[PDB]
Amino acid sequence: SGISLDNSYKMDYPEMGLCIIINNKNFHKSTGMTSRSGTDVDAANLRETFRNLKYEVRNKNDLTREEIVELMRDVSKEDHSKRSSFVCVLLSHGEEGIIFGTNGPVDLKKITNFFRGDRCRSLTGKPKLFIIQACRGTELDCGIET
């Protein structure tokens, strides 16, 4: 054939892929973490947005730290051969490098490591997108007038 370029990911597999949305709104009383009012609007907006991009959206609400890890492990062990990409959206409280389950923290590296190129073969070479609504510390940006 004619000249070929390889500058964009192949996005015409049979399926665009999964979009896993973890929507943590209510936290166990013993943690003292306040409920995240407004997060259901985000989870609904994301579901609609990714549905129109033809992702298979799976919404999960109020998962413990153990459930988050188990969900990620199980998803990483599916056969993604016929999927172009993978998306995970995390909506929770957080700190730098950490997202909260309803009963305590999960290191973001633990979640993303399941999808490493050597650990999720059917996603090797395919874009893996993690969208994270959570704090990354306690600094405040005062802004500057333009």
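So that there is no doubt, residue numbering starts at 1 and follows the sequence shown. Whichever C-alpha set is largest while still superposing within 1.5 Å between the two forms counts as the rigid core.
> Is the larger C-alpha RMS shift in 7 other deposited structures of this protein, relative to this form with the rigid core superposed, found in 28-36 or in 96-104?
Of 28-36 and 96-104, the stretch deviating more in 7 other deposited structures of this protein is 28-36.
> If I read the C-alpha B-factors straight from the PDB entry, which of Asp79, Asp42, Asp62, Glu48 is highest?
Checking the PDB record, the top C-alpha B-factor among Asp79, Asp42, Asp62, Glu48 is at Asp79.
> Could you look up the Cα B-factor of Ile20 in the entry and say which third of the chain it sits in: lowest, middle or highest?
Lowest third.
> For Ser30, return the chain-relative third of its C-alpha B-factor as stated in the PDB record: lowest, middle or highest.
Highest third, going by the recorded CA B-factors of the chain.
> Comparing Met11 with the other modelled residues of its chain, is its CA B-factor in the lowest, middle or highest third?
Within its chain, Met11 is a highest-third residue by C-alpha B-factor, going by the deposited values.
> Split into thirds by Cα B-factor across the chain's modelled residues, where does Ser37 land: lowest, middle or highest?
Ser37: CA B-factor falls in the middle third of its chain.
> Give the position of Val89 by CA B-factor within its chain, expressed as the lowest, middle or highest third.
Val89: CA B-factor falls in the lowest third of its chain.
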